[PDB]
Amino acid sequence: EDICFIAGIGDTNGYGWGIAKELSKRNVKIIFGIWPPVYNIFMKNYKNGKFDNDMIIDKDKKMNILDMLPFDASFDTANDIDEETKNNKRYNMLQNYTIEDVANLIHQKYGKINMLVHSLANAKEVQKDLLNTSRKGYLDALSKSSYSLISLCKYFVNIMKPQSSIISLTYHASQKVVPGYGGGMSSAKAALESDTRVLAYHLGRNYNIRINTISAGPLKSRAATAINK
């Protein structure tokens, strides 16, 4: 009986899905955190059987999806939630999708978990190069793709068993320049990779919990296609 929250999935073409498939090989219960703007699209697609083939784990099991929850890594607690998204067509019919709200929901419904996956990133200005990126744009890259990992950790540690484990995904652009990977996404990954260490000391010393990040090579997912050079 092991549970893994995977934060950051909008379809089955990304890394979050591959991670779900392989965890299933080990019978782990999977809970998805989905960015609200694409949560209803996702539920519909799922309900309409678009993911059935993609759910089959070779070994004649279906992916065991415990639950699928709206989740927005821009918002730590209920009172970070700004008015315009409170009235946003996509958000206002969903509730409890801030990082703290979903920690609580999950804990209330299923108890403690022992596996956490950060697998999301965003940067409004990824199409611009670093030099031409604005403060607002840069900081959104960092907030959504880097701070989001710290915040996840802080809220979830409390609902996780000790010896539990945490990953996130990164890209080599943090260490070696890849032109096109703009908007401060490279900066964000640099920070993410350094925060993984610092988080590892704190989580390690205080909770005996582990944290690492995987630097993946390229896959044609939604966000990857959204880069565009």
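Residue numbers run from 1 along the displayed sequence.
**OP:** Can you let me know which of the two, 77 to 85 or 122 to 130, has the higher average C-alpha B-factor in the entry?
**Re:** That would be 77 to 85.
Original post:
If you average the Cα B factors in the entry, which is higher, 208 to 216 or 7 to 15?
Top reply: Taking the mean B-factor of the alpha carbons in each, 7 to 15 is higher.
Original post:
Out of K44, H202, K176, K189, which residue has the highest Cα temperature factor in the PDB record?
Top reply: Highest CA B-factor of the listed options: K44.
Subject >> CA B-factor placement of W35, once the chain's modelled residues are sorted into thirds >> reply: It belongs to the middle third of the chain when residues are ordered by C-alpha B-factor.
Original post:
According to the PDB entry, is the CA B factor of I65 in the bottom, middle or top third of its chain, that is, lowest, middle or highest?
Top reply: For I65, the deposited C-alpha B-factor lands in the highest third.
Original post:
Which third of the chain does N27 land in by C-alpha B-factor: lowest, middle or highest?
Top reply: According to the entry, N27 has a C-alpha B-factor in the chain's highest third.
Subject >> For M93, the third of its chain into which the C-alpha B factor falls >> reply: Its C-alpha B-factor belongs to the highest third of this chain's values.
**OP:** Report the third (lowest, middle or highest) to which the CA temperature factor of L169 belongs, ranking only the modelled residues of the same chain.
**Re:** CA B-factor rank for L169: lowest third.
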